[PDB]
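Let's start with one chain on its own, the form deposited without the ligand, as structure tokens.
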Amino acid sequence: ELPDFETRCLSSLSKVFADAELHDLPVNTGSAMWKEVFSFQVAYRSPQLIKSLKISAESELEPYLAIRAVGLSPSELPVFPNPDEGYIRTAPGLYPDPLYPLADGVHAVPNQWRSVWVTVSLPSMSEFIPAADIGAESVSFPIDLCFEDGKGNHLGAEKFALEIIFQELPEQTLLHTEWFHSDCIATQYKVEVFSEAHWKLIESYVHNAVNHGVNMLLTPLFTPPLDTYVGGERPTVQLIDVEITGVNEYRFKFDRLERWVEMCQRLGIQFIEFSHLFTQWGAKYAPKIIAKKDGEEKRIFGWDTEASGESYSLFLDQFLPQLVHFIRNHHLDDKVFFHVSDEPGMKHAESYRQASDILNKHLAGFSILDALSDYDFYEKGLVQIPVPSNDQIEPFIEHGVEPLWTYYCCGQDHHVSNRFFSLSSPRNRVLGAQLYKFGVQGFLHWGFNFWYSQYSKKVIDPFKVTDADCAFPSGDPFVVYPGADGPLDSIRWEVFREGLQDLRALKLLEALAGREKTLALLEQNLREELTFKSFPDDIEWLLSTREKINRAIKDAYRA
């Protein structure tokens, strides 16, 4: 006689822990637009150990549907000291995060809730395979999920009803970069940088990025000078070929950059974000730069070459005009961004100025972006486009700074949206609504796939170490895991795309009904105005808000 077995259908916004009771309420309905990725999960529990469950879905949406297992990752540093009351947990342990192919095997483990995650990637209406009335406002499709043991006995089932609203979620216009660490791919898969095997993996990772709303890619002219200790290095990742012809004299080749840019174009990246040309913590030094003299490679710049020295000045006087010629020849003039150095403090205003001044002699007319969360520094007029943290953005909104950009990282641990393991899925997804309300033009994140320790002192295994060796709250350094042939998603990466989908849906309702009505619907029944710091951290609020937006779109009078 069969083991006992229970199921509960849930939204994408639950995190099901294997060591706790499940309080979440069942969710068996939702709505979506064409070209939207709609996700849900089913939790299940048995008192027995049941190995290699057979899980299947039956739906007209089967061509668009994937099922994955929600795996557990360790976190030794889930929180910084004194986590606010909105954290879902504070103790080290195992957290639901990675999403594994079902082919990898799925088990019921005694008296533990586990989950399977369902992704429905909807096409355009014109590509949809099932018959659907082109004149309907929406059509509902059942999705039935079935659990059986290894030997074909039925254990459980859940039915989900997805309503597809017959309008398209419009193309994303928000600029969105998640810094891509090519080096981390090379060291994890054990391939040489810019080998053909490395290029193939790069393509897989970029494809995943684009699919999750990344339209701007960090482009390593020289080894990005990021997360490296003073006097330290990361593996050489350098698209520019440099030949030393004599003292302070160079020649350049851009053929590997041209390969990179063509890859970007082909995979759907729209903007090229060139890597920083000076070090972190005040732009005092050059990046690591490698050059050939007489066939042989040597390091010509780095932590022993001051950024304000004439040597690095003369190098950029030769390089930058040649990069500008490349840009113009490839019709990239309005598609590029440059970086100086992030978050210069007031004590570094002078070194930042001297660095920024070098670029300004050559890069007139181009967008130059830098993380900058201090409005008093911004008033000095040294940074062109500031990228303030979402916990520091208030004075940039108050003063009408344009274009408005935001980021978050490990430092944004209080109140605001983030993507830590120990934070709820609503506190991730709500970013979409905040971006909408404040008219943000771009969002930046440092950690697509950062798989080293703090300061890149060692390589870590991201399946075992999720906090960069007790430096950053787990979830901060990476949203993808290394699968055998390409990325594995986290539930947090799926939920972040949902926030970008909410932004796109809000902008659609704005096109149909205007901004005043859209913003009023979004803030209906809130006790406090929506800000980057103040929102309901609540599954029911967010789901019912997006459902209202969808119904208002469905009901809108259309041209």
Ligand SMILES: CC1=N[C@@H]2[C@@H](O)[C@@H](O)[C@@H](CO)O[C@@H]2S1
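Don't overthink the numbering: it's just position in the shown sequence, from 1.
Form deposited with the ligand bound: not shown, discussed below.
The partner is absent here, but in the entry with it bound a heavy atom of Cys410, alone among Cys410, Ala186, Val383, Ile202, sits within 4.5 Å of the ligand. Scanning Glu343, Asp391, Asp489, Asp149 against the ligand in the entry with it bound with a 4.5 Å heavy atom cut-off leaves one residue, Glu343. Comment: 275 to 283 is the region of 458 to 466, 251 to 259, 275 to 283, 211 to 219 lying near the ligand in the entry with it bound, near meaning a non-hydrogen atom within 4.5 Å. The closest non-hydrogen atom of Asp227 lies within 4.5 Å of the ligand in the entry with it bound. In the entry with it bound, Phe377 stays away from the ligand, with no heavy atom inside 4.5 Å. Taking the partner from the other structure, the ligand in the entry with it bound has a heavy atom within 4.5 Å of a heavy atom of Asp476. The ligand is not drawn, but in the entry with it bound it has no heavy atom within 4.5 Å of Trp405. Heavy atoms of no residue among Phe38, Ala132 and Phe141 are located within 4.5 Å of the ligand in the entry with it bound.
Shown here without the ligand, the chain has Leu444, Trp446, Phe472, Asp476 in 444 to 477 lying with a heavy atom within 4.5 Å of that partner in the entry with it bound.
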